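So you know, we letter chains A, B, ... as the sequences are listed, proteins then strands, and number each from 1. Side-chain atoms are counted along with the backbone in the values below, which use heavy atoms only and exclude waters and symmetry mates.
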Protein chains: 2
Amino acid sequence: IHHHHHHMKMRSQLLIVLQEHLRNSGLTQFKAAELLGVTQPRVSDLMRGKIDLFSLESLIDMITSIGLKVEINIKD
Amino acid sequence: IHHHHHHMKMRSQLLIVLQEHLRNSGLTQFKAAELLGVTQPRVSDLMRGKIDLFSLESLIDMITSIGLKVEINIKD
């Protein structure tokens, strides 16, 4: 397994938005996994806040699966 | 190898900013790889625009290594 420990403000922002949206979606963890196209243990880890297990692309994948838009701004 | 074909506006934005910044950095591909902590073949692929080989986290890793800030906005 890869564990992630960088970009934590961004990673936590994406995770909290994904958790909150899933929490009042009316979906069970099973139906949530079906919608996101991931396994139930993956949903469990997300809802338990195991943030280290989630790459930025996986979080962005799931945010988009639930119908949200992610926009980036790059600052120099 | 993983190949990526989703989130293409975001992926291309990050790649173009990374290429442009490296292109007038005064660095050779070797010195660029040293700064980013990746291999020279990885730099080559980036500069050749092999966008499919680069996950969003790897692009964000490298953008931050060169001293840029990435901010996300999530829209519903």
Any donor-acceptor pair under 3.5 Å from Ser65(A) side chain to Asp61(A) backbone: yes

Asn73(A) side chain reached by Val70(B) side chain, heavy atoms, under 4.5 Å: no

Interatomic distance, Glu34(B) atom CD to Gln40(B) atom CD [nearest 0.5 angstrom]: 8.5 Å

Within-4.5 Å side-chain heavy-atom neighbours: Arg42(A) and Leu46(A): no

Taking all atoms of both residues into account, what is the closest heavy-atom pair of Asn24(A) and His21(A), and its distance? OD1-O, 3.5 Å

Report yes or no: does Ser25(A) contribute a side-chain atom to a donor-acceptor pair with the main-chain N or O of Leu22(A) at less than 3.5 Å? yes

Partner of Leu59(A) by side chain to side chain contact (heavy atoms under 4.5 Å, CB included), out of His4(A), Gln13(A), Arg11(A): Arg11(A)

Using the rule that two of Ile, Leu, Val, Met, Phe, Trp, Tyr join whenever any of their side-chain heavy atoms come within less than 4.5 Å, decide whether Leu53(B) and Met47(B) are in one cluster. yes

Rounded to the nearest 0.5 Å, the CG atom of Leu36(A) sits from the OG1 atom of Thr64(A) at a distance of 9.5 Å

Please determine if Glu20(B) and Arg23(B) form a salt bridge, counting it only when a charged side-chain N lies under 4.0 Å from a carboxylate O. no

Heavy-atom distance under 4.5 Å between the side chains of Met62(A) and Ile66(A), does that happen here? no

Only one of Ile60(A), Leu18(A), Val17(A) passes side chain to side chain contact (heavy atoms under 4.5 Å, CB included) with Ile74(B), and that residue is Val17(A)

Sidechain-backbone polar pair: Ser58(A) side chain, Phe54(A) backbone, donor-acceptor under 3.5 Å: no

Backbone N/O of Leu56(B) and side chain of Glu57(A): donor-acceptor pair under 3.5 Å: yes

